[PDB]
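Q: What follows is a structure written as structure tokens; I'll ask about it next.
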């Protein structure tokens, strides 16, 4: 059974650093590209960043790049998201999402309402 | 929501209350069916061309 | 075309050789 | 063989044999067979001046005549020398023969190898059912036109310039009709090849310009490929049967039969060059919005259209026609091989199909 | 064999009739271009198709330009799970991808960029060309001249961007407007040209969703696609 | 409220998987060591059916193992005669984007459906002499991916709206609706007794339904990507399924657990169609690397390859008597294959 469990999150002060971890099971980690998406309160699902099979190719959404970093550990089958220097507009539920099929580069569906290969998510809040 | 979660929970409870059969018995059943109908399988043992309708 | 040009030229040359041999024989 | 001179010499010998058969009154200078003329007996005190024989008309550097004085004892000697009056005057011609032979070898090889390619190329487009598109049908017809051209050239060379026989060359007309049909086959094959080179460019231009091609286009192409030469060839035959039935139709003397076959070929060459320019314009427009790709595509498209014939079609005939022969006949005898290599062997689709067939077995 | 000759003859005649009708259908089929209209609900896709015209899971539009038939299909009552039914459109002449140049709910331009990246790199759509409609140009015009927007922040590399030399601005246009336009166009072309390989091509256009030139843009781009396909069959490209 | 409910659903799942682990003590591969391999399976193309313009996307054999229907994306539903290669019918479809074929077991009707979300039922007996749309079942909100006749009067359909539905052609109404999947439902297979059917979905799960009462009985989760094809074993106690993770799997209903995985290291392409031989010893799987291949269901090693297609194999079907295998492909060609 394919499942993705997200850990971390919580409430942190603006400008602080917080770490998100993603433990995967039920599929081969290496041959799947994966990514981080998020849902703001009252908004829709939006794509944050993605990392390829080997971790060589990385991309971020514009409002994030320069702040967050991602890395995958195929030995531990775990995805990471480092969120240093947070901003008040980063409060959202973060979902670790998986690519639909292996050995692909298009990787259509991530930010859908009822996507299957997606985790439950962790709430990240920044306030003072 | 609550409705979807409770539907999933009751479906899982239905899944729990089902009978149990050993996988060895299932494997034996599959093997027995395969060996019983082996001679009636044209793809396993090709039929002579006299009664092959795709000659 | 070039095939016709070559054929015509070669036929004329062969006739030249034949007539030259004949004229050498008679004279 | 080109032994019509022997036949006409025998005719002119029977001229003297028959016209002097009667014997009614012996003259001072009785008719004899000498100086290759039908001498007529003449009485005392007459001078017989006759033109040099028309049989050697092509062989004269001057319009001269031979004069003889008639005497009671007979004709003593010809005052003007034949070599001096109407001689060959060709001292350097003895070394041209090798050149002809050399050329006759080279293009022969060309046609040979071209044949050995085109034929097998044809079966690759015939055996495999995936390759049954209109473009490959046009390519197949072009290959067949090349094959016919090579076969006709080889047959003409065998008929006219052979050495296997004794070269007796009988006067019976069946051989003459045979070699005339050989030359007609040559002309038809050459013109059909030119028209299929035209049809290739016509189809490519229609694909690139018409956003939807006509449904019954290929049929029309077939006519242009094969029906159009026939009519022209027929016209040529009529001319050869009316204006100059001189001998075997391997020599062009009268201008009308030469132009009858020269005009359609020149028109096809010009139109193909225009279509080539248009296609290169379209390709440049697409490549601009690299120049090595454009050059490679132009060089790849040159053999399929036969645009090298444009080099000598517009150039005036002032280089003794030896350079035109050496370029066109010799080099372009390999055009069939080049076309087969480019559009049947290095074609990616047919190569992948051949790989699939090879791995299947 | 007396009772089976007649039925075999009847089958042969029926097959001949079917083959004649199928030849007619093939002639009809090969003369029309199928287009897939794709986009979001907040773009000008519906307005564009309504101008072109002037429950069901698929919507159909027939329009004829220069005696050439065009058969454009719009996605109807379908979910946002395009994984499986996108493969039905791998043999169309083009996918007209309409994107609203305005980045509000969220960064919808980023979602459109991700969708274009997915379409471009799909193994079944790798031979299908995309006609890109950078729709809603008037919103760009009256949004970047309003003083503040969400493009300089949501795309940090826009600050260090200069207008391309080959740009062709419309007369009487602020340089900021054309800078933003060509920045978005280059954002799409960055991922378009990264994996093209000559199999398929992208045709960006600045559209406004209300004009008579969009149908002509589609016609010209389809002509270019067909010509490039023909030139590829001859290994001239 | 939701946190505790999720935390107890997860321990229900843990109990289920513990029961599965208790069931699994002997593997099917180990118990099949005593049997002999089937050897190399050589199959040859006997017929090639031409006539479709665009890609063939679905296909279905008739009960007489002679006639077969096939759907093409150009909008054609062609009924062939496989013995003589003659075309029996050439039904033109209202919507070109067809994705499924069904052939009524009695042979009187043929079904189709696709991106129009409509299941069209065509009468083939033609009391007036022409094939006409007998019915148009509407009510799905996704797209029709599969449909199979229970009989002349009933049909079960699979939709992209994450739902299956059992209809009544006489009244044209959804007699019952099967829900519970998460992703698109891509295929369905009817049990031989027509009392249960399995469906594979885009959530990487297969699901078994009882037709007459209408609720899920068992859920099978062994695949890691979306399921494209599913088929029952001949005796109805097991079923095979293929997915985009380049693996086929066999599940047993009574054991309620995956039994065997058919995969190779050199295959990285998805599996589009799955079928079983007459005895169930051979499992034929169509791949989108342009060719089919034949596994043996008991040894999990490839026994043959069906390589004749120039594009991806979309559909695959074995006759009721097991004499021939039809393969359809995106190259618009239909091929009949038989043993030597």
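Chains as they are written, first to last, in the entry's author numbering: chain N, 1 to 128; chain G, 8 to 62; chain L, 1 to 27; chain R, 24 to 312, 322 to 393; chain A, 9 to 62, 204 to 252, 261 to 394; chain B, 3 to 342.
For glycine and all other residues, C-beta sits at the position ideal for the given N, C-alpha and C.
1) Indicate the three-state DSSP secondary structure (helix, strand or coil) for residue 133 of chain R in the structure shown.
2) Quick one: Cα of residue 232 of chain B to Cα of residue 62 of chain B, how far?
3) Only counting runs of 3 or more residues, tell me where the beta strand (DSSP E) segments fall wholly within the region 229-283 of chain B, in order along the chain.
4) Identify, in the order they occur along the chain, each residue of the same chain with its Cβ nearer than 6 Å to the Cβ of residue 83 of chain R, setting aside the five sequence neighbours on each side.
5) Hey, would you say residue 302 of chain A sits closer than 8 Å to residue 274 of chain A, going by beta carbons?
6) Examine the Cβ distances between the region 153-173 of chain R and the region 367-384 of chain R and report whether three or more of them are shorter than 8 Å.
7) Taking Cβ-Cβ distances shorter than 8 Å, what residues in chain A pair up with residue 238 of chain R?
8) CA-CA distance, residue 58 of chain N and residue 304 of chain R?
9) Just the Cα atoms here: how many angstroms apart are residue 258 of chain B and residue 222 of chain B?
10) Could you check whether the Cβ of residue 207 of chain A sits closer than 7 Å to any heavy atom belonging to the ligand ZN?
11) Mind checking whether residue 42 of chain A and residue 224 of chain A have CB atoms under 8 Å apart?
12) For the beta strand (DSSP E) holding residue 60 of chain A, just list the boundary residues, first then last.
13) Strictly by DSSP, which residues pair up with residue 361 of chain A?
14) Using DSSP with H/G/I as helix, E/B as strand and the rest coil, what is residue 143 of chain R?
15) With 7 Å as the limit, tell me which residues of the region 264-280 of chain R have their beta carbon closer than that to any beta carbon of chain D; keep them in chain order.
16) In three-state terms, what does DSSP make of residue 16 of chain B?
17) Closer than 7 Å by beta-carbon distance: list the chain R residues that pair up with residue 383 of chain A, in chain order.
18) Between the Cα of residue 219 of chain A and those of A:243, A:234, A:292 and A:324, spot the shortest distance and give me the residue it belongs to.
19) Using a Cβ-Cβ cutoff of less than 8 Å, which residues in the same chain neighbour residue 126 of chain N once the five nearest sequence positions on both sides are dropped?
20) For residue 35 of chain R, decide whether its Cβ has a neighbour in chain L, counting only Cβ atoms nearer than 8 Å.
21) The alpha helix (DSSP H) spanning residue 257 of chain R covers which residue range?
22) Quick check for students: name the residue ranges of the beta strand (DSSP E) that lie wholly in the region 63-105 of chain N, counting only runs of 3 or more.
23) Where are the beta strand (DSSP E) runs, 3 residues long or more, that stay fully inside the region 42-83 of chain B, in chain order?
24) Going along chain B in order, which residues have a C-beta closer than 9 Å to the C-beta of residue 131 of chain N?
25) Taking only three categories from DSSP, how would you classify residue 339 of chain A?
26) Can you check whether the CB of residue 271 of chain A is closer than 8 Å to the CB of residue 297 of chain A?
27) Are at least three pairs of beta-carbons, each pair with one atom in the region 267-275 of chain B and one in the region 224-239 of chain B, less than 8 Å apart?
28) For residue 291 of chain R, which residues in chain A fall below 9 Å Cβ to Cβ?
29) So, using beta-carbon positions, are residue 250 of chain A and residue 289 of chain A closer together than 8 Å?
30) Measuring straight from C-alpha to C-alpha, what distance separates residue 196 of chain R and residue 29 of chain R?
31) Once you ignore the five residues that flank residue 286 of chain A on each side, which residues in its own chain have a CB closer than 6 Å to its CB?
32) Classify residue 383 of chain A as helix, strand or coil using the three-state DSSP reduction.
33) At a CB distance below 9 Å, what residues from the region 144-178 of chain B approach chain A? Give them in sequence order.
34) Do you know offhand how far residue 319 of chain R's Cα is from residue 22 of chain L's?
35) Measuring only between beta-carbons, confirm whether residue 291 of chain A sits less than 8 Å from chain R.
36) For residue 260 of chain B, I'd like the list of residues in its chain whose CB is within less than 6 Å of its CB, leaving aside the five on either flank, ordered along the chain.
A: Once the coordinates are examined:
1) Of the three classes helix, strand and coil, the one that applies to residue 133 of chain R here is helix, per DSSP.
2) Just so you know, the alpha carbons of residue 232 of chain B and residue 62 of chain B end up roughly 14 Å apart.
3) If only complete runs of 3 or more residues are kept, the region 229-283 of chain B shows the beta strand (DSSP E) at 229-234, 240-245, 250-254, 259-264 and 273-278, in order along the chain.
4) Non-local beta-carbon contacts of residue 83 of chain R in its own chain, meaning distances under 6 Å to residues more than five positions away in sequence, involve 109 in chain order.
5) No. Outside cutoff.
6) Touching, yes, given that three or more Cβ pairs across the two stretches are closer than 8 Å.
7) By Cβ distance, chain A contributes 35.
8) Residue 58 of chain N and residue 304 of chain R have their C-alpha atoms some 42 Å from each other.
9) Near 7 Å, if we compare the C-alpha coordinates of residue 222 of chain B and residue 258 of chain B.
10) In the structure on display, the ligand ZN does not appear, and there are no ligands present to speak of.
11) In this structure, residue 224 of chain A does not lie closer than 8 Å to residue 42 of chain A by Cβ.
12) Element bounds for residue 60 of chain A: not the beta strand (DSSP E) but the alpha helix (DSSP H), 53-61.
13) For residue 361 of chain A, which the question treats as bridged, DSSP gives the partners A:289.
14) Of the three classes helix, strand and coil, the one that applies to residue 143 of chain R here is helix, per DSSP.
15) No chain D is part of this structure, whose protein chains are labelled N, G, L, R, A and B.
16) Note: residue 16 of chain B maps to helix in three-state DSSP.
17) Neighbours of residue 383 of chain A across chain R, judged by C-beta separation under 7 Å: 234.
18) For residue 219 of chain A, the nearest C-alpha among the options comes from A:243.
19) Spatial neighbours of residue 126 of chain N in its own chain (CB-CB distance under 8 Å, excluding positions within 5 residues in sequence) are listed in chain order as 11, 12, 13, 14, 16, 86, 87, 88, 90 and 91.
20) By this cut-off, residue 35 of chain R is not an interface position.
21) That run of the alpha helix (DSSP H) goes 251-265.
22) Inside the region 63-105 of chain N, DSSP marks whole beta strand (DSSP E) runs of 3 or more residues at positions 68-73, 78-83 and 92-98, from first to last along the chain.
23) If we require 3 residues or more, the beta strand (DSSP E) runs fully inside the region 42-83 of chain B come out as 45-51, 58-63, 69-74 and 78-83.
24) Because chain N is modelled from 1 through 128, residue 131 of chain N falls outside the range shown and cannot be assessed.
25) Residue 339 of chain A falls in the helix class under three-state DSSP.
26) By the CB criterion at 8 Å, residue 297 of chain A and residue 271 of chain A fall outside the cutoff.
27) Yes, the region 267-275 of chain B is in contact with the region 224-239 of chain B.
28) Correct list: empty, because the minimum Cβ distance to chain A is about 21 Å.
29) Cβ atoms of residue 250 of chain A and residue 289 of chain A: not closer than 8 Å.
30) Residue 196 of chain R and residue 29 of chain R: Cα-Cα distance of roughly 15 Å.
31) Around residue 286 of chain A: 243, 357, 358 and 382.
32) In the structure shown, residue 383 of chain A sits in a helix (DSSP, three-state: H, G or I).
33) Residues of the region 144-178 of chain B with a Cβ closer than 9 Å to any Cβ of chain A, in chain order: 144, 145, 146, 147, 162, 163 and 164.
34) Since the model of chain R includes 312 and then 322 but nothing between them, residue 319 of chain R has no atomic positions to report.
35) The beta carbon of residue 291 of chain A sits no closer than 8 Å to any beta carbon of chain R.
36) Correct list, in chain order: 224, 251 and 253.
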